[PDB]
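*Asks:* The structure under discussion is supplied below as structure tokens; questions concerning it will follow.
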Amino acid sequence: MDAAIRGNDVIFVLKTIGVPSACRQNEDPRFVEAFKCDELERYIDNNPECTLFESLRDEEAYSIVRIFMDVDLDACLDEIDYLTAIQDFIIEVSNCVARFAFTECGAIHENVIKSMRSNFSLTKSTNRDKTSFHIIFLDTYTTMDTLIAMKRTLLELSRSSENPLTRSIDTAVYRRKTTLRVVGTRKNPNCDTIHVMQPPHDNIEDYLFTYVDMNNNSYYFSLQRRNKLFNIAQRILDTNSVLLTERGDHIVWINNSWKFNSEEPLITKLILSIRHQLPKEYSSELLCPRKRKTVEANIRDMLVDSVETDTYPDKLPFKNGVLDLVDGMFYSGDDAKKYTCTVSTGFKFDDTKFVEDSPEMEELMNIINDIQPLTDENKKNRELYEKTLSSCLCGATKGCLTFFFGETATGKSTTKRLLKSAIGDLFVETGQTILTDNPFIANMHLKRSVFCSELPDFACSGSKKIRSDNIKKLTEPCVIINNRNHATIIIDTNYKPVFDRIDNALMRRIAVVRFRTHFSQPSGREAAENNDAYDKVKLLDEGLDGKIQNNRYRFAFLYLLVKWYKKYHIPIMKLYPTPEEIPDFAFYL
Amino acid sequence: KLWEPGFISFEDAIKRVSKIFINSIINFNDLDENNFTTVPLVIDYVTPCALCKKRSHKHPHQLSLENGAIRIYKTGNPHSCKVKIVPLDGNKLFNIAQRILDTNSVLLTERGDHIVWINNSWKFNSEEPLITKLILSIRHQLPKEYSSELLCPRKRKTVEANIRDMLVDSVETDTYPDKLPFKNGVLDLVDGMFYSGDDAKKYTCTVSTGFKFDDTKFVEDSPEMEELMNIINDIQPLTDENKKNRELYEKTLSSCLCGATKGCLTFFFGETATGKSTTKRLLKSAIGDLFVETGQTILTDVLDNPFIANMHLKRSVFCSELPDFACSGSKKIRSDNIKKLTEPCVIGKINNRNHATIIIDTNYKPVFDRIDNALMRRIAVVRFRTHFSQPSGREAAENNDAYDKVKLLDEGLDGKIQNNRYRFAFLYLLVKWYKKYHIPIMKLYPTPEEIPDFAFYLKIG
Amino acid sequence: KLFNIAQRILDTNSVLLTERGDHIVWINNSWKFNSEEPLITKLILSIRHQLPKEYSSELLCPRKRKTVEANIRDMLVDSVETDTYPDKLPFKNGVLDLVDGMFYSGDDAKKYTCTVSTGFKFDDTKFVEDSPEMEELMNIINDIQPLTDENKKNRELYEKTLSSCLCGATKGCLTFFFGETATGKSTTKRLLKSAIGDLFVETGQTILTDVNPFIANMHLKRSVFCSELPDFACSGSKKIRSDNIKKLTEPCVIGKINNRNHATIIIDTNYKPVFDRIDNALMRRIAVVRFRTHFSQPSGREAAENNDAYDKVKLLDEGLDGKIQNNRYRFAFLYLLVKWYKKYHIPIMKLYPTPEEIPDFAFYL
Ligand SMILES: Nc1ncnc2c1ncn2[C@@H]1O[C@H](COP(=O)(O)OP(=O)(O)NP(=O)(O)O)[C@@H](O)[C@H]1O
Ligand SMILES: Nc1ncnc2c1ncn2[C@@H]1O[C@H](COP(=O)(O)OP(=O)(O)NP(=O)(O)O)[C@@H](O)[C@H]1O
Ligand SMILES: Nc1ncnc2c1ncn2[C@@H]1O[C@H](COP(=O)(O)OP(N)(=O)O)[C@@H](O)[C@H]1O
Ligand SMILES: [Zn+2]
């Protein structure tokens, strides 16, 4: 919010109709002029015969305007009926504008309602035989492009309501270079019908839609983003917006995403949604619930071929589209509907943060270089760590399990938190019951990363060993009543695991990444470098966590993961085991 | 062609306009698509005119086409008759449904559920949908030509279906942690301001304490406030030794009003007759339905379970009487829950939001099966050291080292607190402490140096 | 006149009734079957074209179409069985004969009421004979099982067992893939499922050592595999309990409590299992498959040439697994299976047990 956004006390006015933009940009004195409230007051007082059309200098910097409307009815109303009509008109319009702002501009509905219904100004035309007036909401300010977007909703509002004042809303005034007759001036020199100010607003300042004076009672918002039924059913199917899956349920394409019909039915929601892009002679018919259910039955009965879902393992789905792994391109729209994506990370993909440089990417490189130093000793461990974290972006079956082994305060939990903040809902934490002992396995479906945590040192007594039968069962592509296993399974260990039975099929499903960097307290820092289990000791950062849960490093780590994947798992994704690190496997070796 | 047949068949429009005119139309036959804006509509006024309610009209009426509608107006004297409008596009029930959504009285959350705004509070139900109750409630806020037809039940079912099928996108609820919702409004904690009406609407608060807020009690002075200080002074002495425990107690008490995720679990440790259950009852009476007592299952019995699903959006969960887990024949705390009960979303619709302060009362120092450094960071304990015993056994309590003071028991406090006598004074105290500690940041600090089990690890250090 | 439409639709004989109480409809050259969502209405829309236009106009309105399907439901009385042909392979776009190599796509395939399918469209340009793929596939089969004089009875019983995975009847014997590690048992499983598509199923060891979705899911399947029997010969293991082996051979398996067994039960193991009891009925339902080819790495290859459990050792091909998961051998192996089946199980399909290979049976022998 700048000074011009704060307010604009200088006004610009024309003197006739049809002035070319060349004259306006040439500040032609015969047509355009600049005034203030007081200057225009004496101008209109001294020269009533002139015609004055107030507008903006340009739409680039002064897009903020008071919300205004022009009502023109070819009739006359008595005072009491006029009051009833104006009350109904004001309640309907205030509601409609507030709802549009809430659903598009993301503003508070009640704030808009209060600001608009609290204070507004009405004009009055001297033409007795017609009811013509201009309504200006004093305290509500909005950018011009938002009004240009809202003209539609006002058009359907006018076409829908029965109130004559609301039915006679003139939406044509909402367009670039909009000029409105200033109250007190004639429409044309040959017409003697002018507009009259109304109480309690006795000041001319209350009758200009460009005069911006934002006070405590004001609110601001702007648009964030700059037989016949059978024919309707065929038209809907032509858009390829609804599909049948193998599970017997139908997936629909609403809000640029594929959803399930298992909830309250969505086919009807689609049918209402696409009534705008369809010819109006059918759009009239489409809005009765019985006919809409009839069209829905036709659509169900025309869908015979069942299409498999989630066929691409090399695509990362977001809630605003899908990202290609081989490329860095992001698709948002009909390019993403081609890939039948059912789940998503749950957050909008931001191209402004997915750049490469990032104000936080350097500190991310510091954090990753602290948790895993890029040294000649941390060379194979580091690349194994990179590949294991990269495998979480691919939606295919993973054939190996990696054990995250490290001592206390080695950054493993921060690593899980980075991974979850980077891939959204695609990372899930699972308990130890799937190892030592079934919702713990049924909601694992279509997940791309599953983590188990704090194994309670099974080497000592009072523990139920790993029983690698689970490891063999967690490697098969379909998990048992059946679910698709697309999840890289990672295990947190502070102590090396122990297994009851060791087989030749177990060395091919076990991987280990070692963590040996300690983030210690200043007081206990000394007692940190007398231990052989650490290679580097760094000061503990208490402010790191608070940054972590706030999704501060959400997109930089995603960029790192995709860049690693572009290096390692292209064109083939495979995880290789490293049996030579667990001592327990040395025995048979 | 004066008629555009893009809206409705001309015959149907003429049928509608004739139906409006209760009196017989004289020249009905000659109205065609090329004259209906020209020929006056001469009417035989056997009955009173359907528009002006007079005996008859001196001059015939006339039709005009504008904005996809027919305007019916009288010639001669305009003010002598009422202007009439005939629409041509939209099922009237769809217009009503558009108006009702337009008000933002009905919304849907991420749970696939639909919340409504009835009687100044965001009602919600799953077994019995209540959109139609909203329609009855809101019919007063619409013109007459909608209220007259919102009465028939099947029309309301149609409007409900339209509203269901138009509400596509989900909204987020309960985003303000420093707001206390009642059934008649929302109290702000940063200020002392209370919002009742459409002001409480902006905060999508789907839960409530369960009792109406009263401005006549929430003042400061109060008939009950002074003995409320007396009670809180007795339960927690305002002394230099029991000094730090006092603000720790007040912070734990205030952290039950904020609707966010809490980063610690508090233990009320004290002997018998120390007033821990007194504080339990005071909190329950003070915050209504936002306080919930759970069993010991969510500590010792596998979570994934009504006792873990009922804590959805509750701001205080209190656990009672851990049965001496130090001795034999007991199941330990199994700190995996401590890992689980603090992280923001509770699994157990298996996902629920955690806004609850977990307070566990005990007489014995409890033990965990496993002790980890993550337990160092999320456990605080409150010490209670004032005895309220009967006159008979005072000396037997005054010679015990587990008490620093023994006071005479009053038998009438339980009935009075059960009657919500200290309901508002205690809430006032909670707000005062919240402004003292939790502004602008709410976070809880552990006290690892108090649990004896953590001493051994400190002995290791 | 909707009765006339229902009469015509039954005249086309597209919808049929089964003894299970459910209706099957001929949509898109396949005997589609469903219980949750009845498909008669989809059939009516599908065949609305094959009726005089005065009816095709009326079939659009869903109320009229539901009335038509109600009439159809009320017309059908007698059920018409299902899946009576064992020598037919039902594909996704037709059915393939086993006696001949002729493939049907159209009303020809509807005569054989085949409800299950391989799940993939059949290809005419690959099921030829020569194939760039068939050469390497035949070399792979030669490597896994040498075509030698000693590997004559073992190889032929291997071919018989693989052939019997195509016939849709109840089988009379069970064999065990007994062999040491790196011998191609997983390769055989992968090739078999790649060749037969959806008709394959992998199931755990529960249906063997225990008395149940693991048993009712094999309805009308043509191959079931059990894998990694965990050394029942040693301690800490649950013995075979061959009563299940008796139960898995009889045609109608209990586990809707009845299911039709058209699936060959095969277990691949590394160790010879131990049986609870040896009765004379067990002798006629156990067979043995042996593998003696080791696909080892060059480093440990010499240690594989000194092992008495291996006949030949060959160099491991790391990319073969990725190749067979790409189903490149999909139709050549099907060609081999068809040729072996036409060689062995015509005109009679019956499996001969081999009690002489089991060591545990020797004692009563
Ligand atoms: N690069 C870093 N610099 C400073 N502090 C860090 C860094 N990385 C992590 N930390 C902090 O070090 C502490 C330990 O991290 P954490 O991820 O919990 O380790 P861990 O190895 O999973 N621990 P544990 O469960 O005890 O084995 C946390 O407080 C982190 O915020
Ligand atoms: N003819 C062949 N040419 C090349 N590679 C082959 C051939 N046959 C098998 N292989 C590969 O050699 C490896 C050993 O086969 P595999 O099926 O795993 O043996 P196995 O005896 O079932 N193993 P196990 O489960 O350890 O008892 C696999 O990677 C096969 O893909
Ligand atoms: N300040 C006080 N004055 C008088 N009686 C008091 C008191 N504080 C608590 N009491 C009473 O003494 C008992 C102690 O409270 P209670 O919550 O039951 O104690 P405890 N068993 O949980 O340690 C209760 O019966 C309570 O009513
Ligand atoms: Zn009249």
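Ordering of the structure tokens sets the chain letters (A, B, ...), residue numbers begin anew at 1 in every chain, and ligands are numbered from 1 in the order given.
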Might you pull out every residue within 12 Å of residue 155 in chain B, with only C-alpha atoms counted and same-chain residues fewer than 3 positions away left off, and present them as a ChimeraX atom specification?

*Replies:* /A:288-289 /B:91-94,96-97,132,135-136,146-152,158-162

*Asks:* Given only C-alpha atoms and all ligand atoms, how would the per-residue table for chain B near ligand 1 read, listing every residue at most 8 Å away with its closest atom pair and distance in Å to one decimal, sorted by chain and number, as CSV?

*Replies:*
residue,atom,partner,partner_atom_place_in_ligand_line,distance
B:372,CA,ligand 1,26 (O),7.5
B:373,CA,ligand 1,26 (O),6.0
B:374,CA,ligand 1,25 (O),7.0

*Asks:* Can you check which residues of range 223-296 of chain A DSSP gives as strand (DSSP E or B) on the backbone and send them as number ranges by chain?

*Replies:* A: 242-244, 250-253, 258-260

*Asks:* Residues of chain A near chain C: apply a cut-off of 8 Å, count only C-alpha atoms, and supply the list as a tab-separated table (two decimals) with N, CA and C atoms, in the first residue's frame.

*Replies:*
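What ended up in part_8.tsv:
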chain	number	residue	atom	x	y	z
A	227	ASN	N	-34.02	-36.26	-24.87
A	227	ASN	CA	-33.35	-36.01	-26.13
A	227	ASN	C	-32.28	-34.94	-25.98
A	230	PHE	N	-29.86	-35.85	-23.42
A	230	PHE	CA	-28.85	-36.77	-23.93
A	230	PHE	C	-27.75	-36.03	-24.68
A	248	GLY	N	-14.89	-49.41	-9.31
A	248	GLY	CA	-16.32	-49.21	-9.40
A	248	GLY	C	-16.79	-47.82	-9.06
A	294	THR	N	-31.15	-36.52	-14.10
A	294	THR	CA	-31.36	-37.27	-15.34
A	294	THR	C	-30.10	-37.26	-16.20
A	297	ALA	N	-27.63	-39.60	-14.68
A	297	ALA	CA	-27.91	-41.00	-15.00
A	297	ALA	C	-27.47	-41.34	-16.41
A	298	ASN	N	-27.70	-40.43	-17.36
A	298	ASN	CA	-27.21	-40.65	-18.72
A	298	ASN	C	-25.70	-40.79	-18.74
A	301	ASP	N	-24.66	-44.14	-17.40
A	301	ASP	CA	-24.99	-45.24	-18.28
A	301	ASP	C	-24.22	-45.20	-19.59
A	302	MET	N	-23.55	-44.09	-19.90
A	302	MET	CA	-22.71	-44.05	-21.09
A	302	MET	C	-21.26	-44.42	-20.82
A	303	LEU	N	-20.85	-44.47	-19.55
A	303	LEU	CA	-19.47	-44.81	-19.20
A	303	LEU	C	-19.37	-46.32	-18.99
A	304	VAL	N	-18.72	-47.00	-19.92
A	304	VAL	CA	-18.57	-48.45	-19.86
A	304	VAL	C	-17.12	-48.86	-19.64
A	481	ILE	N	-8.85	-55.58	0.18
A	481	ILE	CA	-7.85	-56.40	0.86
A	481	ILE	C	-6.48	-56.19	0.23

*Asks:* Using only C-alpha atoms and all ligand atoms, what are the residues with an atom within 9 Å of ligand 4, set out as a PDB file with N, CA and C atoms, in the first residue's frame?

*Replies:*
ATOM      1  N   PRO B  48     -61.596  -6.549  -9.784  1.00  0.00           N
ATOM      2  CA  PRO B  48     -60.585  -5.506  -9.579  1.00  0.00           C
ATOM      3  C   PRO B  48     -59.280  -5.858 -10.276  1.00  0.00           C
ATOM      4  N   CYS B  49     -58.583  -4.822 -10.739  1.00  0.00           N
ATOM      5  CA  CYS B  49     -57.327  -5.020 -11.447  1.00  0.00           C
ATOM      6  C   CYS B  49     -56.312  -5.727 -10.556  1.00  0.00           C
ATOM      7  N   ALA B  50     -55.600  -6.691 -11.141  1.00  0.00           N
ATOM      8  CA  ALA B  50     -54.647  -7.500 -10.394  1.00  0.00           C
ATOM      9  C   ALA B  50     -53.387  -6.739 -10.010  1.00  0.00           C
ATOM     10  N   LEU B  51     -53.193  -5.529 -10.523  1.00  0.00           N
ATOM     11  CA  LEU B  51     -51.998  -4.749 -10.229  1.00  0.00           C
ATOM     12  C   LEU B  51     -52.264  -3.525  -9.369  1.00  0.00           C
ATOM     13  N   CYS B  52     -53.325  -2.772  -9.652  1.00  0.00           N
ATOM     14  CA  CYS B  52     -53.615  -1.550  -8.919  1.00  0.00           C
ATOM     15  C   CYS B  52     -54.713  -1.707  -7.878  1.00  0.00           C
ATOM     16  N   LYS B  53     -55.384  -2.857  -7.828  1.00  0.00           N
ATOM     17  CA  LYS B  53     -56.429  -3.167  -6.855  1.00  0.00           C
ATOM     18  C   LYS B  53     -57.620  -2.217  -6.930  1.00  0.00           C
ATOM     19  N   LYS B  54     -57.732  -1.426  -7.993  1.00  0.00           N
ATOM     20  CA  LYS B  54     -58.866  -0.530  -8.140  1.00  0.00           C
ATOM     21  C   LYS B  54     -60.024  -1.246  -8.830  1.00  0.00           C
ATOM     22  N   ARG B  55     -61.149  -0.537  -8.940  1.00  0.00           N
ATOM     23  CA  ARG B  55     -62.312  -1.091  -9.626  1.00  0.00           C
ATOM     24  C   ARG B  55     -62.017  -1.357 -11.095  1.00  0.00           C
ATOM     25  N   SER B  56     -61.337  -0.427 -11.758  1.00  0.00           N
ATOM     26  CA  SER B  56     -60.990  -0.572 -13.165  1.00  0.00           C
ATOM     27  C   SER B  56     -59.878   0.416 -13.487  1.00  0.00           C
ATOM     28  N   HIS B  57     -59.439   0.398 -14.741  1.00  0.00           N
ATOM     29  CA  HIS B  57     -58.408   1.300 -15.234  1.00  0.00           C
ATOM     30  C   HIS B  57     -58.978   2.126 -16.376  1.00  0.00           C
ATOM     31  N   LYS B  58     -58.699   3.431 -16.357  1.00  0.00           N
ATOM     32  CA  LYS B  58     -59.184   4.301 -17.423  1.00  0.00           C
ATOM     33  C   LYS B  58     -58.538   3.956 -18.759  1.00  0.00           C
ATOM     34  N   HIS B  59     -57.247   3.637 -18.751  1.00  0.00           N
ATOM     35  CA  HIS B  59     -56.516   3.370 -19.975  1.00  0.00           C
ATOM     36  C   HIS B  59     -55.927   1.964 -19.950  1.00  0.00           C
ATOM     37  N   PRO B  60     -55.746   1.344 -21.114  1.00  0.00           N
ATOM     38  CA  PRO B  60     -55.185  -0.010 -21.149  1.00  0.00           C
ATOM     39  C   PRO B  60     -53.709  -0.023 -20.781  1.00  0.00           C
ATOM     40  N   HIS B  61     -53.254  -1.195 -20.349  1.00  0.00           N
ATOM     41  CA  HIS B  61     -51.859  -1.391 -19.990  1.00  0.00           C
ATOM     42  C   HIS B  61     -51.019  -1.618 -21.243  1.00  0.00           C
ATOM     43  N   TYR B  73     -46.748  -1.931 -17.663  1.00  0.00           N
ATOM     44  CA  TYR B  73     -46.948  -0.575 -17.170  1.00  0.00           C
ATOM     45  C   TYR B  73     -48.228   0.013 -17.745  1.00  0.00           C
ATOM     46  N   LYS B  74     -48.862   0.881 -16.961  1.00  0.00           N
ATOM     47  CA  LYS B  74     -50.128   1.494 -17.338  1.00  0.00           C
ATOM     48  C   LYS B  74     -49.899   2.792 -18.101  1.00  0.00           C
ATOM     49  N   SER B  80     -50.680   5.855 -10.998  1.00  0.00           N
ATOM     50  CA  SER B  80     -51.972   5.277 -10.650  1.00  0.00           C
ATOM     51  C   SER B  80     -51.968   3.754 -10.653  1.00  0.00           C
ATOM     52  N   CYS B  81     -50.902   3.122 -11.137  1.00  0.00           N
ATOM     53  CA  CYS B  81     -50.809   1.671 -11.166  1.00  0.00           C
ATOM     54  C   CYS B  81     -49.389   1.251 -10.816  1.00  0.00           C
ATOM     55  N   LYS B  82     -49.253   0.000 -10.391  1.00  0.00           N
ATOM     56  CA  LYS B  82     -47.961  -0.547 -10.005  1.00  0.00           C
ATOM     57  C   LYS B  82     -47.279  -1.203 -11.199  1.00  0.00           C
TER      58      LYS B  82
END

*Asks:* Which neighbours of range 122-126 of chain C fall inside 9 Å, counting only C-alpha atoms, when residues of the same chain fewer than 5 positions from it are skipped, and could you give them as a ChimeraX atom specification?

*Replies:* /C:91-96,103,131,331-332

*Asks:* Export N, CA, C and O atoms of the chosen residues as a PDB file, in the first residue's frame?

*Replies:*
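What landed in again.pdb:
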ATOM      1  N   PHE C  91      -9.382 -63.754 -23.773  1.00  0.00           N
ATOM      2  CA  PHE C  91      -8.582 -62.544 -23.788  1.00  0.00           C
ATOM      3  C   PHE C  91      -9.496 -61.335 -23.633  1.00  0.00           C
ATOM      4  O   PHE C  91     -10.722 -61.458 -23.560  1.00  0.00           O
ATOM      5  N   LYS C  92      -8.901 -60.147 -23.584  1.00  0.00           N
ATOM      6  CA  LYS C  92      -9.679 -58.930 -23.422  1.00  0.00           C
ATOM      7  C   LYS C  92     -10.416 -58.530 -24.692  1.00  0.00           C
ATOM      8  O   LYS C  92     -11.384 -57.767 -24.612  1.00  0.00           O
ATOM      9  N   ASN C  93     -10.002 -59.037 -25.854  1.00  0.00           N
ATOM     10  CA  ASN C  93     -10.633 -58.686 -27.120  1.00  0.00           C
ATOM     11  C   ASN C  93     -11.127 -59.923 -27.859  1.00  0.00           C
ATOM     12  O   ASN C  93     -11.338 -59.883 -29.073  1.00  0.00           O
ATOM     13  N   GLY C  94     -11.310 -61.026 -27.150  1.00  0.00           N
ATOM     14  CA  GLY C  94     -11.792 -62.239 -27.774  1.00  0.00           C
ATOM     15  C   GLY C  94     -11.359 -63.458 -26.986  1.00  0.00           C
ATOM     16  O   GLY C  94     -10.922 -63.359 -25.841  1.00  0.00           O
ATOM     17  N   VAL C  95     -11.497 -64.613 -27.632  1.00  0.00           N
ATOM     18  CA  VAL C  95     -11.137 -65.895 -27.040  1.00  0.00           C
ATOM     19  C   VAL C  95     -10.276 -66.662 -28.033  1.00  0.00           C
ATOM     20  O   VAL C  95     -10.515 -66.610 -29.244  1.00  0.00           O
ATOM     21  N   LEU C  96      -9.262 -67.348 -27.523  1.00  0.00           N
ATOM     22  CA  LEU C  96      -8.348 -68.140 -28.331  1.00  0.00           C
ATOM     23  C   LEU C  96      -8.601 -69.620 -28.095  1.00  0.00           C
ATOM     24  O   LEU C  96      -8.700 -70.063 -26.947  1.00  0.00           O
ATOM     25  N   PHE C 103      -8.418 -67.446 -33.572  1.00  0.00           N
ATOM     26  CA  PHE C 103      -8.809 -66.446 -32.589  1.00  0.00           C
ATOM     27  C   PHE C 103     -10.104 -65.778 -33.023  1.00  0.00           C
ATOM     28  O   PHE C 103     -10.253 -65.404 -34.191  1.00  0.00           O
ATOM     29  N   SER C 131       9.546 -64.448 -34.488  1.00  0.00           N
ATOM     30  CA  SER C 131       9.761 -63.384 -33.509  1.00  0.00           C
ATOM     31  C   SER C 131      11.223 -63.112 -33.164  1.00  0.00           C
ATOM     32  O   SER C 131      11.972 -64.032 -32.811  1.00  0.00           O
ATOM     33  N   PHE C 331       4.030 -62.773 -25.624  1.00  0.00           N
ATOM     34  CA  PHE C 331       3.336 -63.627 -26.575  1.00  0.00           C
ATOM     35  C   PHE C 331       4.170 -64.808 -27.045  1.00  0.00           C
ATOM     36  O   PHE C 331       3.604 -65.841 -27.403  1.00  0.00           O
ATOM     37  N   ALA C 332       5.495 -64.694 -27.044  1.00  0.00           N
ATOM     38  CA  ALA C 332       6.325 -65.839 -27.396  1.00  0.00           C
ATOM     39  C   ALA C 332       6.200 -66.967 -26.379  1.00  0.00           C
ATOM     40  O   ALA C 332       6.106 -68.142 -26.757  1.00  0.00           O
TER      41      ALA C 332
END

*Asks:* Grab me every residue within 10 Å of ligand 2, counting only C-alpha atoms and all ligand atoms, and send it over as a PyMOL selection string.

*Replies:* (chain A and resi 503-505) or (chain C and resi 136-145+177-190+227-228+268-271+291-297+314-324)

*Asks:* Please find the residues contacting ligand 3 at a distance of at most 6 Å between atoms, with only C-alpha atoms and all ligand atoms counted, and report them as a list in words.

*Replies:* residues 231, 234, 235, 271, 272, 273, 274, 275, 276, 277, 278, 388, 409, 410, 411, 413 and 414 of chain B

*Asks:* Convert the current residue selection to file output with N, CA, C and O atoms, as an mmCIF file, in the first residue's frame.

*Replies:*
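Contents of again24.cif, as written:
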data_model
loop_
_atom_site.group_PDB
_atom_site.id
_atom_site.type_symbol
_atom_site.label_atom_id
_atom_site.label_comp_id
_atom_site.auth_asym_id
_atom_site.auth_seq_id
_atom_site.Cartn_x
_atom_site.Cartn_y
_atom_site.Cartn_z
ATOM 1 N N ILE B 231 -9.315 -19.044 47.805
ATOM 2 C CA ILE B 231 -9.143 -20.447 47.443
ATOM 3 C C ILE B 231 -7.857 -20.650 46.657
ATOM 4 O O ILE B 231 -7.096 -21.586 46.923
ATOM 5 N N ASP B 234 -4.917 -20.372 48.939
ATOM 6 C CA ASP B 234 -4.770 -21.546 49.789
ATOM 7 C C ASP B 234 -4.245 -22.759 49.037
ATOM 8 O O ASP B 234 -3.332 -23.432 49.521
ATOM 9 N N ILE B 235 -4.799 -23.050 47.859
ATOM 10 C CA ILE B 235 -4.328 -24.188 47.075
ATOM 11 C C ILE B 235 -2.887 -23.971 46.641
ATOM 12 O O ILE B 235 -2.054 -24.882 46.719
ATOM 13 N N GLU B 271 -0.168 -34.963 46.925
ATOM 14 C CA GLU B 271 -0.688 -36.035 47.757
ATOM 15 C C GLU B 271 -2.212 -35.958 47.815
ATOM 16 O O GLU B 271 -2.854 -35.203 47.081
ATOM 17 N N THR B 272 -2.803 -36.763 48.692
ATOM 18 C CA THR B 272 -4.248 -36.744 48.852
ATOM 19 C C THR B 272 -4.704 -35.430 49.478
ATOM 20 O O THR B 272 -4.012 -34.837 50.311
ATOM 21 N N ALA B 273 -5.881 -34.970 49.048
ATOM 22 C CA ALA B 273 -6.486 -33.734 49.547
ATOM 23 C C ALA B 273 -5.548 -32.541 49.367
ATOM 24 O O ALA B 273 -5.195 -31.845 50.321
ATOM 25 N N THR B 274 -5.136 -32.313 48.122
ATOM 26 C CA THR B 274 -4.288 -31.181 47.779
ATOM 27 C C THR B 274 -4.979 -30.170 46.875
ATOM 28 O O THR B 274 -4.439 -29.079 46.664
ATOM 29 N N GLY B 275 -6.149 -30.496 46.337
ATOM 30 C CA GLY B 275 -6.894 -29.570 45.514
ATOM 31 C C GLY B 275 -6.726 -29.715 44.017
ATOM 32 O O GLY B 275 -7.173 -28.831 43.280
ATOM 33 N N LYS B 276 -6.094 -30.789 43.546
ATOM 34 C CA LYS B 276 -5.973 -30.996 42.108
ATOM 35 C C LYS B 276 -7.330 -31.222 41.453
ATOM 36 O O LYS B 276 -7.633 -30.605 40.423
ATOM 37 N N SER B 277 -8.163 -32.087 42.030
ATOM 38 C CA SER B 277 -9.507 -32.267 41.498
ATOM 39 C C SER B 277 -10.347 -31.010 41.663
ATOM 40 O O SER B 277 -11.281 -30.784 40.884
ATOM 41 N N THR B 278 -10.029 -30.178 42.658
ATOM 42 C CA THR B 278 -10.679 -28.878 42.768
ATOM 43 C C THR B 278 -10.402 -28.025 41.535
ATOM 44 O O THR B 278 -11.320 -27.420 40.967
ATOM 45 N N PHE B 388 -5.969 -29.956 52.902
ATOM 46 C CA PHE B 388 -7.300 -29.587 53.372
ATOM 47 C C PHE B 388 -7.911 -30.832 54.005
ATOM 48 O O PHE B 388 -8.623 -31.591 53.342
ATOM 49 N N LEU B 409 -10.824 -28.322 56.108
ATOM 50 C CA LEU B 409 -11.643 -28.648 54.951
ATOM 51 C C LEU B 409 -13.003 -27.967 55.047
ATOM 52 O O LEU B 409 -13.612 -27.905 56.119
ATOM 53 N N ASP B 410 -13.475 -27.450 53.917
ATOM 54 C CA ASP B 410 -14.814 -26.888 53.805
ATOM 55 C C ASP B 410 -15.647 -27.798 52.911
ATOM 56 O O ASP B 410 -15.282 -28.047 51.758
ATOM 57 N N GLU B 411 -16.764 -28.288 53.445
ATOM 58 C CA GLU B 411 -17.583 -29.264 52.741
ATOM 59 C C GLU B 411 -18.490 -28.643 51.689
ATOM 60 O O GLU B 411 -19.049 -29.378 50.868
ATOM 61 N N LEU B 413 -17.690 -26.265 49.291
ATOM 62 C CA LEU B 413 -17.100 -25.783 48.048
ATOM 63 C C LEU B 413 -17.489 -26.628 46.847
ATOM 64 O O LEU B 413 -17.697 -26.073 45.764
ATOM 65 N N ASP B 414 -17.580 -27.950 47.003
ATOM 66 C CA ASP B 414 -17.900 -28.806 45.868
ATOM 67 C C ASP B 414 -19.270 -28.491 45.281
ATOM 68 O O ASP B 414 -19.407 -28.400 44.058
#

*Asks:* Set the distance at 8 Å and use only C-alpha atoms: which residues neighbour residue 6 in chain C once local chain neighbours fewer than 3 positions away are removed? I'd like the list as a PyMOL selection string.

*Replies:* chain C and resi 2-3+9-10+68-69+71-72
